[PDB]
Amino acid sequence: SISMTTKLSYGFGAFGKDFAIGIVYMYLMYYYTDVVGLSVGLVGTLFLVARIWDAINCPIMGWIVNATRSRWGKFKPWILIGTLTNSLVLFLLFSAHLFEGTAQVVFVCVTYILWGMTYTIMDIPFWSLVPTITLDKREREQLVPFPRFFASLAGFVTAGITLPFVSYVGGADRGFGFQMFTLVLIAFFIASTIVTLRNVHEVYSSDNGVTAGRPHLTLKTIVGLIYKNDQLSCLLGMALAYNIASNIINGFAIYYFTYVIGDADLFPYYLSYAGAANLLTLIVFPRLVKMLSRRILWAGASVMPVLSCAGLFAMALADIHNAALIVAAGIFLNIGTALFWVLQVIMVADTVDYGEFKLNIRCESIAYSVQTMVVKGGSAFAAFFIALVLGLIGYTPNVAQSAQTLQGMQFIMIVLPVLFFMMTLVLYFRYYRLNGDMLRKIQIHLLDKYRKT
């Protein structure tokens, strides 16, 4: 039994954790372009460089978390530090409207990077608590839905309430409203950190005496344990492919809603229905993973978005008008993404257990470093592939193109995510082994091996 209290406290921790970044991810473009007034090229270059640099930084944070011998634990201290420092840096991030000229181009450039690193400090260790809470298949299956559901809910309520709050509190001074809302986020986020730190207790931590973890390891060694843990490498590839495809699809949606108005008030309906789908499929995930195989659910996680892509491909070939097609594609995609995230967290935990099984080392921090690194690098790589595709199609001037050229660009933008999803499902079914009796073997081997000295 995982104490219902620990489940709920981890859920609220995840809520506060993703409620502090959803605003950034979603409206930092709007803030920096519509409020601060910075060139879109500057913002894009900064975002891409920062994602690459944060992805490079992630394994560094994993090494840091692994080598930290502390009282609270090897995770909670960095969780607290990252939470507080990232709260401060988020407030500073959205306080950019105050400065002007180079002074703010530096400010914006200095805060943003600091916002990305700081979050890493708390992001890697937080999820590293999943493997230490339990080692059982079904207990993980019923543990992770709580945090994933709460994170998704944070994202959607952010989308719903952030603009109303800014308009009501600040009005003309939209930047003041943004930073006041940041304060709301900080309150929820710090309270969530306190809750998770107090009520979540580590059982199978690498800082316990019976575990096989070695604190005094090098950065070369740790990053090599990604390659040695073939299952973690397979997870890296799969998650990178899934993230690249999901980022391409989300960019398509951003263009087809922001630039192409489509129909008025289609985006609110789409967002509401898609959030319902996401949160519901997260709520029923234990029942589904009992009824259907975990493998079936991963296959579905990749396939359902592919069905969305195919449907809206058909819409591209025909008239791009059906709102039902759009909202149904969103529903399918959100079901898939929820399944993916739940299964991915469980799979990172399974990979740390398999690392102890094979290499005789327990490193949670590195597996979740791979998770976050892949989140950043998927966006970066999706940008790279999109730029390659657009340059190949002849959009590299970005001045004016044939309508047929634009439609073919849409077609390719649709097919590419499908290729990446096929990559992830193919790689999962060809190389991944931690799903069945192997999971039980690793669990029993670890429990039996957990005998002092």
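Numbering starts at 1 and runs along the sequence shown.
Checked against the record, the higher mean CA B factor of 161 to 169 and 335 to 343 lies with 161 to 169. Stretches compared: 258 to 266, 357 to 365. Higher mean C-alpha B-factor in the entry: 258 to 266. In the PDB entry, the Cα temperature factor peaks, among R295, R140, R71, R148, at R71. Across the options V110, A323, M373, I249, the residue with the most elevated CA B-factor in the record is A323.
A14 sits in the lowest third of its chain by CA B factor, as recorded in the PDB entry. Ranked by C-alpha B-factor against the other modelled residues of its chain, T351 falls in the lowest third.
In the PDB entry, a CA B factor belonging to the lowest third of its chain's modelled residues is recorded for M26. In the deposited entry, the Cα temperature factor of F99 places it in the highest third of its chain's modelled residues.
Per the deposited record, the Cα B-factor of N208 falls in the highest third when ranked against the other modelled residues of its chain.
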